[PDB]
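Visitor: Sharing a structure below in structure tokens format, with a few things to ask.
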Amino acid sequence: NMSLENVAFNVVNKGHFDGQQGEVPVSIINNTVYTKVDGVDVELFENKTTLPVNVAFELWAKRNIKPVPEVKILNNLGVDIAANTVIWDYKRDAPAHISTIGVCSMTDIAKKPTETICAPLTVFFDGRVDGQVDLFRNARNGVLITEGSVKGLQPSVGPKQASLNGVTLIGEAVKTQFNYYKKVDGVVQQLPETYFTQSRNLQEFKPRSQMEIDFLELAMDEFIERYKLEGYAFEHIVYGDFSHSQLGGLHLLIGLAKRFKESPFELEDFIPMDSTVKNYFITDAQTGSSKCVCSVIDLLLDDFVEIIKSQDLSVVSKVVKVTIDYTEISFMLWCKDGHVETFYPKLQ
Amino acid sequence: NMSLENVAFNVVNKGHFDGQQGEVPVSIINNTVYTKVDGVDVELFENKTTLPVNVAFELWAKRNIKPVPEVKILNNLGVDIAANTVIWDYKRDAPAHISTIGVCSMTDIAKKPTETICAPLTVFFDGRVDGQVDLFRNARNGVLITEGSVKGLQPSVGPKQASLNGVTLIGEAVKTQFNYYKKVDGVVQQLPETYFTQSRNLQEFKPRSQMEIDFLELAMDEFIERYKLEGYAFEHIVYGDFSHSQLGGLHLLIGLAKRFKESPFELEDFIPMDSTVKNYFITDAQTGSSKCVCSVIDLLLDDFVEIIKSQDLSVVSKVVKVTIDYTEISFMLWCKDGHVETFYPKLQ
Amino acid sequence: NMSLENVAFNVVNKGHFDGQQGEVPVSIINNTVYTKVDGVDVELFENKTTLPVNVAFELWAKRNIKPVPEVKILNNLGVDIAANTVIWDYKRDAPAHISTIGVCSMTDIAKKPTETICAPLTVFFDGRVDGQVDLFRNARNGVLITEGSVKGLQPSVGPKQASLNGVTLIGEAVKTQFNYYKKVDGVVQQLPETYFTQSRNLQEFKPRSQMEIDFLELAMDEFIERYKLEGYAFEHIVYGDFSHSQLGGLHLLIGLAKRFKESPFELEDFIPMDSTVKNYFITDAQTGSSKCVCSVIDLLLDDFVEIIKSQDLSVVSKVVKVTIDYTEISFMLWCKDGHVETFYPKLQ
Amino acid sequence: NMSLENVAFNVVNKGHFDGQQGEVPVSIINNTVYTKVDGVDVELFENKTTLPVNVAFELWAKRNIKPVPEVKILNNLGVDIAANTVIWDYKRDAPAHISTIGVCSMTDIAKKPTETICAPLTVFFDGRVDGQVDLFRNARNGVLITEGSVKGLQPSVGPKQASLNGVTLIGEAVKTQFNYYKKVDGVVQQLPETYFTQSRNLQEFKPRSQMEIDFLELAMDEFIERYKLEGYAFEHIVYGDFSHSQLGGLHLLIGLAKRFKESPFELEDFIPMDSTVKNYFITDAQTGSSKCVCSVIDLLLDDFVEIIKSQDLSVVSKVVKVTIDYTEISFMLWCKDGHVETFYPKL
Amino acid sequence: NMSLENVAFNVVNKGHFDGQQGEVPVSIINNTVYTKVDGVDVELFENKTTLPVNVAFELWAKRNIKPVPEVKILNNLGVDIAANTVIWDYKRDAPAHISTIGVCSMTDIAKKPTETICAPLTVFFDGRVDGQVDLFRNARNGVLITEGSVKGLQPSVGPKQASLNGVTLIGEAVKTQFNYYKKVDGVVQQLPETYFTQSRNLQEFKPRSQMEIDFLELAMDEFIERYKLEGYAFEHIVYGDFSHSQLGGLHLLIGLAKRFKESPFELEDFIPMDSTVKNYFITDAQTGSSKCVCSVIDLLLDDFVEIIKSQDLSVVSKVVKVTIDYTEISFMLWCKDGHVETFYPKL
Ligand SMILES: O=c1ccn([C@@H]2O[C@H](CO)[C@@H](OP(=O)(O)O)[C@H]2O)c(=O)[nH]1
Ligand SMILES: O=c1ccn([C@@H]2O[C@H](CO)[C@@H](OP(=O)(O)O)[C@H]2O)c(=O)[nH]1
Ligand SMILES: O=c1ccn([C@@H]2O[C@H](CO)[C@@H](OP(=O)(O)O)[C@H]2O)c(=O)[nH]1
Ligand SMILES: O=c1ccn([C@@H]2O[C@H](CO)[C@@H](OP(=O)(O)O)[C@H]2O)c(=O)[nH]1
Ligand SMILES: O=c1ccn([C@@H]2O[C@H](CO)[C@@H](OP(=O)(O)O)[C@H]2O)c(=O)[nH]1
Ligand code: NA
Ligand code: NA
């Protein structure tokens, strides 16, 4: 069940825990696990978690190495724990969940998700593993992903992308789009209509629609005229205003990506975790414009246009609710004289 | 006055300390501050200072987030402490000064700079803050920056650039060029004529004059002929000599920047701090030429040309003094038969 | 013999230990050595070794700063210890050897390699240092490098590249190709014929033959036809197969380098050390193809072609032995119907 | 205004957390909490727990400073968590329980014991606190102590002693004997009839009956004759046999106390925690007799005599179950020819 | 040739820093200093301070090993720093002062006390060291101790006891009673008339007057009658009241010493530092009586009797100021009907 030296043997020989027999010599110093290779010590793992170093080492070695839902999705769906696996949170360099089921003797609260202690918890089930669909059917609270149809259950089509060893990708050699199912108190839920964030990053941003291609290629005024965006404050919200000491707008990742290719800037990720909305302390290196809390979301530009064009613009300020990544994201909408002033998501 | 959980609340909600009421749960493990977000721990701060972790966390959260003088300037002007702010040293990942005034109960030596304990110390005053010009007028020892004129005081025009959240920049949406004033023992000082370093970096180096543009674009022999630099050893001092085991010359940042675009090399910053002169252990990857102590300064090329063309070349070796960043920098000048052999700054 | 403050003085003033007299104030906190510079603490060294922080600091300061053999070569030749120097292992951020000879009072097992305790150990001798060739002649077990001929000893021509301050390079201003000699139990050995790995890296990979230039420039099918590689599974072994969930082949660095310029991927170096064969956990970001243990070797493409074209292809699977970096590397060769299926090195 | 600096203010000014307003400067280094007193740092708390230093500091400051059941009693009753207090485990220098209810934002799983997350946990309730008897009635799983009767509930009289700030004592100025009640799955459970251990220690051991006074003062042969203990191997079980390399017997604390006054020995407490039965690696300094696992229990000698005399001595070896401190303690009984060879508890 | 390895050489060979030449190999791990002795590591120093381990090691090695004033005296006199020595605080296992003068490159603010940076600090000067009386005369702020008269300066006779390597003692082979002098803002300051605490401890408490001998040997009623202490609540203040849940009185160390010989109790020193008044969280093991903040002072019983008998007993409650160890100690006096209820010092 447990053996630090056997975990290290699997890491050295298989790249992760693979259930192989064997042992290697291990040193633990502070928060770092070493193994002896021909007379000298080689670092295997640096603990960045709040768990004991040897426990975090084992959970990391036993991480799920298939494509799995991004942590923000599991969090938004209320997942508390995973059935017989570890979802490793690469944004936090730590397990996504505090406890485990049938993984590690120090963190297990149960060997199987059918045990009583798991009933009030929302357990994550993976239909790609034999028997887990049936475990979901019998579980009181849970979230299930599948690659195909489940008899008698209507699916919710999830995002196109998933996380594979910390790399978020849309799979071509592997399936990353899952069907989602959720049960609460033994009742199968109808998951709401939702947008999905695109989980792209600033430096290798790639467009996923013709509008996004046009946004990156065309000048600001050409793009706004082509897609008839006059009065929606896209100059402020998406392109960003760098003329004053406080940086204006800049709430869509594609706008940051366009600026970054032209002029670099600093993004301080002061709450480093996976979430649908991200807050950054941004400092523009060219102008000196800055903002302590700049909320950023990566929506497909077409989706963001649909959202802002579907709002009433008759009051000065109000909260707009948008279902994104299965959760209700609050946006602040500021208007003046029937046109938009700004529109930004809130991290909550 | 003091509350670790309130500091963390401000960091999470405002990106820095903003004087807001509230608390979040905090964990301190070794030298890392965490906060609990929906059942899991998220890292807020890793202490790299020699201060206690919770104290360094508070000083970092209370850092000045306006454009401020670079630490090398404050050090050269003899600044010991700041009035009611924290100058964060991003080169050292630590406070620029050991003690504080009216910032933190663990590090404060006073609540106000008018207290007796501050009289012998050179206190930094910021004229952009209400009342600090008057505090400078009454202070015994101090350095004051302003954006405009001060009645009855002659200013010293400082560098064009300043530091904003660790980004050194010439402000366009914000003012980064300050007037400087200094008092010693109650007497307003005449600050000397000085050159200023340009605070650029190796990889995104940008020219700031036509001579620098020509240096980057033209070949070595074309540039030297155009600006009539024969006999000043620019081939050695600025371009660098990579033909022997010991790397020759290479003491101006623009010369390193030109080499780096053509051929990468290793720069070991073995004294990592902000200073007018920097010493690097350099290893050229293409040739294997190396040098344990390679002194580098980032002067505007036009300024460096003026300096070296203003020296007497009649002795084999001597020390040349140049006022740079308000301090007296010693250069070694080596000559032979009336022409320069080398010319380099000394870190002292 | 020993002085922590004197080691730090040499680091600050000379960039490494240089035998100079002097002292600076030092702070040791956890695993970090600091020195006080004008009232504030500056980090000099962060200990990443399993040694005490002050001991590792001294060994790092006393590292060899000339071109030295890469650690993988010394390990393959059985080197246990170095004569009167420290070979710093930049892959491990630690000394390459556990003990020293005449370097450090905490780690020395002897002052001179002629002492009895060194006789059973394979001592590394550097012919560029006065007297070390003669010490090798009198030593029982040892490895010697020279830049030129040694009277009465036949040399083995080593690799073209060597390590200079952690930068692996083929020297142009300095000599990096050494003659190698080895003695075991007082008997000079005949070192075997061997290939050498090229020690290049993924991102600045440079071809070293016309075949490698053609591999990077031509399309897959053009290159295979030009060099008549039909039936040798180069599409699988070198170019890689990204069509299935398990990534196929990709065992030569030049193939990874070609893929990386076109499409980025993740390489997890889960045994971070210097070795002739490297194992990576690879995840392709474009396709999602991945493999937990992907063995990679950087052979000159011409050498790899010679190796695979010199094998018998008549059995389904067998182990092939290839002398590389002076050690016997085991390759697995898989064949079907007289053609290659795959061919990969094993890390052992 | 809950804060690290406010916790430290209460410790400095009140000796523990007392809900007072105020702050003092705090430094956290080396898993230790310091406060600044006239320019220099004074240590307030060294963390010996597996919790973060600032969290353990707060739980320690918020420890219950009234007499509370010993941790071994709470463990034997299956207590998982306490309602709105912290039971500090002075044998482990750590909280007795991992989580809290309405104590600390970092460790709370709930603010009140009525929340659903507490239902499957056995919550400790203190009838001396207003409202906690009613919370016990509504809790699905729990343990309740009171100083008096609770209408309708059948009580179990607990041990005479309790723990006050880490001092186990029989209260004279305070009450330390409580009624006990327990609920499992929403149903009140009958607590078993039980002996209680005496919770004494080697150095300041004091007899609590005439038989224990006789054992300490009389010689071995005289005591066994007076209390008619022939055939029960008291020479082995209680007095101990130091004649062989392996130390024989010595399973009652009073026997260790008698030996210790005569000749010192080493007791390695290799599982340092509060428990009804303790295991020690014992080395006798005079003879060199030793034993890696010597199980020791502190029963009133009268109780142990009552237990062993009630045994059937016709079997070579059998396991005997005795309820002690509300838990079932297994004893190994070795006999030969109708007399006892040895009789020892198991951990 | 000042160095970490040279400090360790002096510790190993001389027991402290003695200015000798030499070096030994040193390892620094776990906030601890080791040296290699015949192949294995031997611990020389465990850092308990908030300074870096190698810095604290040097300051400890350079500690003053002559009799020096107790830290509570230096604190009460406002001492900020010492001239060319280290006063080691054995109650905190740390330097008594943050910075140094001419001791250690990492902590020095100056090489000599005459430097301008020292002028606003109260520097401790030791007249037993050549030149330090003259440095006191030139210092703007300072405290001076001497073994004899200084011409022109009016002395204050200090306590009989001093601290030698952490042992507080009244010297017989060495002098421990010093003259004291103090300067503020360049002006010599008259030190007040003062009592001194006796600096005794619970275990090895020894009486130092016939009244203290009587207190330990006589019964409570007999002692109060002989010394005519009726109406002064000595039963409460000194002997302590253990009859209620809250422990009453017990504010003089001699009263704790008398109780401790009779029955043990726990004293939690939750602010562990040297101070004229100490606060303890006390738990009586026999009765269970306890008190979170019990202020205790070790005055000669004759001095305490002199203090309390000089009091006006006509007010329900008032604060009484008494100069002790050169500082103003506030006492709370509670009276009723012309007799004392309680009388305790405040920290
Ligand atoms: O009258 C107001 C007040 C605030 N804001 C907007 O509210 C946000 C927080 O102050 C800012 O939006 P931004 O971050 O996109 O620039 C600001 O412009 C308005 O638009 N109008
Ligand atoms: O006769 C001498 C001795 C030294 N140097 C120069 O002094 C510096 C330190 O040795 C080197 O300058 P560099 O770093 O720019 O190459 C060296 O060339 C001379 O020019 N001439
Ligand atoms: O019948 C078999 C079994 C295994 N392999 C090969 O053996 C290796 C480990 O399974 C893989 O080679 P690769 O890493 O280059 O893809 C696999 O294709 C074969 O070629 N044929
Ligand atoms: O046949 C047996 C086997 C074991 N034991 C007893 O079982 C215990 C563990 O081996 C020992 O009892 P002690 O610790 O009190 O000396 C041993 O004497 C017997 O008495 N008889
Ligand atoms: O009316 C009052 C209020 C307080 N106290 C006393 O003040 C102290 C703190 O409450 C206690 O004194 P003790 O610690 O010596 O017992 C208490 O009895 C009185 O005597 N009378
Ligand atoms: Na339970
Ligand atoms: Na003072």
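We label chains A, B, ... in the order they appear in the structure tokens, count residues from 1 in each chain, and number ligands from 1 in the order shown.
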How would you write, as a PyMOL selection string, the set of residues no farther than 6 Å from ligand 3 when counting only C-alpha atoms and all ligand atoms?
Guide: chain C and resi 237+248-249+334+341-342
Visitor: List as a ChimeraX atom specification the protein and nucleic acid residues lying within 9 Å of ligand 6, with only C-alpha atoms and all ligand atoms counted.
Guide: /D:78-80,120-123,141-142,184
Visitor: Output N, CA and C atoms for every residue in the selection just made, as a compact mmCIF listing (two decimals), in the first residue's frame.
Guide:
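Heads up, here's the output in part19.txt:
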# COMPACT_ATOMS: atom_id res chain seq x y z
N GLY D 78 -14.33 7.65 20.96
CA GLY D 78 -14.49 7.92 19.54
C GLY D 78 -14.70 9.37 19.18
N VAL D 79 -14.29 10.31 20.03
CA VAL D 79 -14.48 11.73 19.76
C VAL D 79 -13.62 12.15 18.58
N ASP D 80 -14.23 12.81 17.60
CA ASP D 80 -13.53 13.28 16.41
C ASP D 80 -13.19 14.76 16.45
N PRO D 120 -21.88 13.30 10.63
CA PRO D 120 -21.20 12.00 10.76
C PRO D 120 -20.06 11.98 11.76
N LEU D 121 -19.67 13.13 12.32
CA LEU D 121 -18.56 13.19 13.26
C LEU D 121 -19.07 13.12 14.69
N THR D 122 -18.31 12.44 15.55
CA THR D 122 -18.63 12.40 16.98
C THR D 122 -18.09 13.68 17.62
N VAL D 123 -18.99 14.60 17.92
CA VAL D 123 -18.64 15.92 18.45
C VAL D 123 -18.65 15.87 19.96
N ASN D 141 -24.13 12.33 16.13
CA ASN D 141 -23.07 11.63 16.83
C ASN D 141 -22.40 12.60 17.79
N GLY D 142 -22.19 12.15 19.03
CA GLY D 142 -21.57 13.06 19.98
C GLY D 142 -21.26 12.38 21.30
N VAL D 184 -24.73 7.58 18.93
CA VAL D 184 -24.23 7.02 17.68
C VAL D 184 -25.40 6.91 16.72
Visitor: Counting only C-alpha atoms, collect the residues of chain E whose closest atom lies at most 6 Å from chain C, and write them out as a ChimeraX atom specification.
Guide: /E:3,5,25,27-29,52,105-106
Visitor: Convert the current residue selection to file output with N, CA and C atoms, as a compact mmCIF listing (two decimals), in the first residue's frame.
Guide:
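The resulting again_11.txt:
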# COMPACT_ATOMS: atom_id res chain seq x y z
N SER E 3 36.74 35.02 11.64
CA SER E 3 36.09 34.06 10.76
C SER E 3 35.19 33.13 11.56
N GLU E 5 35.21 29.86 11.16
CA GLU E 5 36.05 28.75 11.58
C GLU E 5 36.97 29.14 12.73
N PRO E 25 37.10 22.77 11.05
CA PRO E 25 36.03 22.65 10.04
C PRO E 25 34.66 22.77 10.68
N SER E 27 30.29 22.83 9.97
CA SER E 27 29.09 22.59 9.17
C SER E 27 27.93 23.38 9.76
N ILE E 28 27.13 24.00 8.91
CA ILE E 28 25.94 24.73 9.36
C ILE E 28 24.71 24.04 8.78
N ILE E 29 23.88 23.46 9.66
CA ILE E 29 22.63 22.81 9.27
C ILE E 29 21.61 23.04 10.37
N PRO E 52 20.72 35.42 12.22
CA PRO E 52 21.25 34.28 11.46
C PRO E 52 22.16 33.42 12.34
N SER E 105 31.11 42.03 12.75
CA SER E 105 30.93 42.83 11.55
C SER E 105 29.48 42.85 11.08
N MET E 106 28.72 41.80 11.37
CA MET E 106 27.34 41.75 10.90
C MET E 106 26.40 42.60 11.76
Visitor: Show which residues sit within 7 Å of residue A:43, as JSON, numbers by chain. Count only C-alpha atoms, and ignore same-chain residues fewer than 2 positions away.
Guide: {"A": [32, 33, 34, 35, 41, 45], "C": [272]}
Visitor: Using only C-alpha atoms, find which residues of chain C lie within 10 Å of chain A and jot them down as an NGL selection string.
Guide: :C and (30-31 or 48-51 or 75 or 78 or 80 or 91-98 or 242-247 or 264-266 or 268-273 or 279-294 or 347-348)
Visitor: Kindly provide, as number ranges by chain, the residues of chain E having any atom no farther than 7 Å from an atom of chain D, counting only C-alpha atoms.
Guide: E: 92, 97-98, 243-245, 270-273, 281, 285-289, 292-293
Visitor: For the residues in the current selection, export N, CA and C atoms as a CSV table (one decimal), in the first residue's frame.
Guide:
chain,number,residue,atom,x,y,z
E,92,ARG,N,16.5,34.4,27.6
E,92,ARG,CA,16.0,34.3,26.2
E,92,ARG,C,16.9,33.5,25.3
E,97,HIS,N,20.9,42.7,23.5
E,97,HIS,CA,20.8,43.9,22.7
E,97,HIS,C,20.9,43.6,21.2
E,98,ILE,N,20.2,44.3,20.4
E,98,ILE,CA,20.1,44.0,19.0
E,98,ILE,C,21.4,44.2,18.3
E,243,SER,N,-8.7,27.8,47.8
E,243,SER,CA,-10.0,27.2,48.1
E,243,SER,C,-11.0,27.4,47.0
E,244,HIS,N,-10.9,28.3,46.1
E,244,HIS,CA,-11.8,28.6,45.0
E,244,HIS,C,-11.1,28.2,43.7
E,245,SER,N,-12.0,28.1,42.7
E,245,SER,CA,-11.5,27.8,41.3
E,245,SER,C,-10.4,28.8,40.9
E,270,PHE,N,4.7,32.4,30.4
E,270,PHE,CA,4.3,32.6,29.0
E,270,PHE,C,4.9,33.9,28.4
E,271,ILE,N,5.7,34.7,29.1
E,271,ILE,CA,6.5,35.7,28.6
E,271,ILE,C,7.9,35.4,29.1
E,272,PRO,N,8.7,34.5,28.5
E,272,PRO,CA,10.0,34.1,29.1
E,272,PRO,C,11.1,35.1,28.9
E,273,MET,N,11.2,36.0,29.8
E,273,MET,CA,12.3,37.0,29.8
E,273,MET,C,12.6,37.4,31.2
E,281,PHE,N,1.0,31.7,34.5
E,281,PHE,CA,-0.3,31.0,34.5
E,281,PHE,C,0.0,29.8,35.4
E,285,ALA,N,-1.6,21.6,41.6
E,285,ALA,CA,-1.9,20.2,41.3
E,285,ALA,C,-2.7,19.5,42.3
E,286,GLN,N,-2.7,20.0,43.6
E,286,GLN,CA,-3.4,19.3,44.6
E,286,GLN,C,-4.9,19.7,44.5
E,287,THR,N,-5.2,20.9,44.4
E,287,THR,CA,-6.6,21.4,44.5
E,287,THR,C,-7.3,21.7,43.1
E,288,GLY,N,-6.5,22.0,42.1
E,288,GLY,CA,-7.1,22.4,40.9
E,288,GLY,C,-7.3,23.9,40.8
E,289,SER,N,-7.0,24.7,41.9
E,289,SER,CA,-7.1,26.1,41.8
E,289,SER,C,-6.1,26.6,40.8
E,292,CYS,N,-4.8,32.6,35.5
E,292,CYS,CA,-4.1,32.8,34.2
E,292,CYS,C,-3.0,33.8,34.3
E,293,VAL,N,-3.2,34.9,35.1
E,293,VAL,CA,-2.1,35.9,35.2
E,293,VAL,C,-1.9,36.1,36.7
Visitor: Check every protein, DNA and RNA residue against ligand 4, keep those with an atom at most 10 Å away (counting only C-alpha atoms and all ligand atoms), and present them as a CSV table (one decimal) with N, CA, C and O atoms, in the first residue's frame.
Guide:
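Output contents, as saved in selection18.csv:
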chain,number,residue,atom,x,y,z
D,233,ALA,N,1.3,-15.2,40.4
D,233,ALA,CA,2.5,-14.7,39.7
D,233,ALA,C,2.7,-13.2,39.9
D,233,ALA,O,3.1,-12.5,39.0
D,236,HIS,N,6.2,-12.0,39.3
D,236,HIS,CA,6.5,-11.7,37.9
D,236,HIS,C,5.8,-10.5,37.4
D,236,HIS,O,6.4,-9.6,36.8
D,237,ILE,N,4.5,-10.5,37.5
D,237,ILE,CA,3.6,-9.6,36.8
D,237,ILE,C,3.8,-8.2,37.3
D,237,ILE,O,4.0,-7.2,36.6
D,238,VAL,N,3.8,-8.0,38.7
D,238,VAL,CA,3.8,-6.7,39.3
D,238,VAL,C,5.2,-6.3,39.7
D,238,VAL,O,5.7,-5.1,39.4
D,240,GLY,N,8.2,-7.7,38.8
D,240,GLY,CA,9.1,-7.8,37.7
D,240,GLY,C,10.3,-8.7,38.1
D,240,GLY,O,10.7,-8.8,39.2
D,241,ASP,N,10.8,-9.3,37.1
D,241,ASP,CA,11.9,-10.3,37.2
D,241,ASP,C,13.1,-9.7,36.4
D,241,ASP,O,13.1,-9.6,35.2
D,246,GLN,N,16.3,-10.7,29.3
D,246,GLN,CA,15.0,-10.2,29.0
D,246,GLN,C,14.3,-9.9,30.3
D,246,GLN,O,14.1,-10.8,31.1
D,247,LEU,N,13.9,-8.7,30.5
D,247,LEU,CA,13.1,-8.3,31.7
D,247,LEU,C,11.8,-8.9,31.7
D,247,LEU,O,11.0,-8.9,30.7
D,248,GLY,N,11.4,-9.6,32.8
D,248,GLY,CA,10.2,-10.3,32.9
D,248,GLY,C,9.1,-9.6,33.7
D,248,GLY,O,9.4,-9.0,34.7
D,249,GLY,N,7.9,-9.6,33.1
D,249,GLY,CA,6.7,-9.0,33.8
D,249,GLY,C,6.8,-7.5,33.8
D,249,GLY,O,7.2,-6.8,32.9
D,250,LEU,N,6.4,-6.9,35.0
D,250,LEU,CA,6.5,-5.5,35.3
D,250,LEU,C,5.5,-4.7,34.4
D,250,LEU,O,5.9,-3.9,33.5
D,251,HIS,N,4.2,-5.0,34.6
D,251,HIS,CA,3.1,-4.5,33.8
D,251,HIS,C,2.2,-3.5,34.6
D,251,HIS,O,1.3,-3.0,34.0
D,291,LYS,N,13.8,-4.9,28.0
D,291,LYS,CA,12.7,-5.4,27.2
D,291,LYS,C,12.2,-4.4,26.3
D,291,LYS,O,11.9,-3.2,26.7
D,292,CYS,N,12.1,-4.7,25.0
D,292,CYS,CA,11.8,-3.7,23.9
D,292,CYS,C,10.4,-3.2,24.1
D,292,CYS,O,10.1,-2.0,23.9
D,293,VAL,N,9.4,-4.1,24.3
D,293,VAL,CA,8.0,-3.7,24.4
D,293,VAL,C,7.5,-4.2,25.8
D,293,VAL,O,7.2,-5.4,26.0
D,294,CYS,N,7.5,-3.3,26.8
D,294,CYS,CA,6.9,-3.6,28.1
D,294,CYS,C,5.6,-2.8,28.2
D,294,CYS,O,5.6,-1.6,28.4
D,295,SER,N,4.5,-3.5,28.2
D,295,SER,CA,3.2,-2.9,28.3
D,295,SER,C,2.9,-2.6,29.8
D,295,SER,O,3.1,-3.4,30.7
D,316,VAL,N,-3.8,-23.0,28.9
D,316,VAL,CA,-2.4,-22.6,28.8
D,316,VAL,C,-2.3,-21.1,28.4
D,316,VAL,O,-1.5,-20.4,29.0
D,317,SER,N,-3.1,-20.7,27.5
D,317,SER,CA,-3.1,-19.3,27.0
D,317,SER,C,-4.5,-18.9,26.4
D,317,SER,O,-5.1,-19.7,25.7
D,332,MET,N,-3.4,-10.8,27.8
D,332,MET,CA,-2.9,-12.2,27.5
D,332,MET,C,-2.7,-12.9,28.9
D,332,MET,O,-2.0,-12.4,29.7
D,333,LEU,N,-3.3,-14.1,29.0
D,333,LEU,CA,-3.2,-14.8,30.2
D,333,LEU,C,-2.5,-16.1,29.9
D,333,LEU,O,-3.0,-17.0,29.2
D,334,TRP,N,-1.3,-16.3,30.5
D,334,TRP,CA,-0.5,-17.5,30.4
D,334,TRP,C,-0.6,-18.3,31.7
D,334,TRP,O,-0.3,-17.7,32.8
D,335,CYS,N,-1.0,-19.6,31.7
D,335,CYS,CA,-1.1,-20.4,32.9
D,335,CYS,C,-0.4,-21.7,32.7
D,335,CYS,O,-0.1,-22.1,31.6
D,336,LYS,N,-0.1,-22.3,33.8
D,336,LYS,CA,0.5,-23.7,33.8
D,336,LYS,C,0.2,-24.4,35.1
D,336,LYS,O,0.5,-23.8,36.2
D,340,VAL,N,-0.9,-19.0,37.6
D,340,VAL,CA,-0.6,-18.0,36.6
D,340,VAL,C,0.9,-18.0,36.3
D,340,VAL,O,1.7,-18.0,37.2
D,341,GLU,N,1.2,-17.9,35.0
D,341,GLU,CA,2.6,-17.6,34.6
D,341,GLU,C,2.8,-16.1,34.4
D,341,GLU,O,3.7,-15.5,35.0
D,342,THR,N,2.0,-15.5,33.5
D,342,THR,CA,2.0,-14.1,33.3
D,342,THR,C,0.7,-13.6,32.9
D,342,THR,O,-0.2,-14.4,32.4
D,343,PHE,N,0.5,-12.3,32.9
D,343,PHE,CA,-0.8,-11.7,32.6
D,343,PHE,C,-0.5,-10.2,32.3
D,343,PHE,O,-0.2,-9.5,33.2
D,344,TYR,N,-0.7,-9.8,31.1
D,344,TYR,CA,-0.2,-8.5,30.6
D,344,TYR,C,-1.2,-7.9,29.6
D,344,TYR,O,-1.8,-8.6,28.9
D,345,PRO,N,-1.4,-6.6,29.7
D,345,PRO,CA,-2.3,-5.9,28.7
D,345,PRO,C,-1.6,-5.7,27.3
D,345,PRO,O,-0.4,-5.7,27.3
Visitor: With a distance cut-off of 9 Å and only C-alpha atoms, select the neighbouring residues of residue C:301, excluding the residue or stretch itself and same-chain residues fewer than 6 positions from it, and output the selection as a short mmCIF file (atom, residue, chain, number, x, y, z; two decimals) with N, CA and C atoms, in the first residue's frame.
Guide:
data_model
loop_
_atom_site.label_atom_id
_atom_site.label_comp_id
_atom_site.auth_asym_id
_atom_site.auth_seq_id
_atom_site.Cartn_x
_atom_site.Cartn_y
_atom_site.Cartn_z
N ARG C 208 25.75 19.91 -37.57
CA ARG C 208 27.19 19.76 -37.64
C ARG C 208 27.62 18.87 -38.80
N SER C 209 26.75 18.68 -39.79
CA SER C 209 27.10 17.96 -41.01
C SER C 209 26.08 18.33 -42.08
N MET C 211 24.32 16.20 -43.81
CA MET C 211 23.12 15.39 -43.60
C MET C 211 22.19 16.04 -42.59
N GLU C 212 22.74 16.62 -41.52
CA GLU C 212 21.90 17.27 -40.52
C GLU C 212 21.26 18.54 -41.08
N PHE C 215 18.46 17.31 -43.15
CA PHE C 215 17.36 16.84 -42.31
C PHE C 215 16.49 18.00 -41.84
N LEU C 252 15.93 10.72 -31.22
CA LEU C 252 17.12 11.48 -31.57
C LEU C 252 16.84 12.96 -31.38
N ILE C 254 17.90 15.66 -32.72
CA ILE C 254 17.66 16.48 -33.91
C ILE C 254 16.21 16.36 -34.37
#
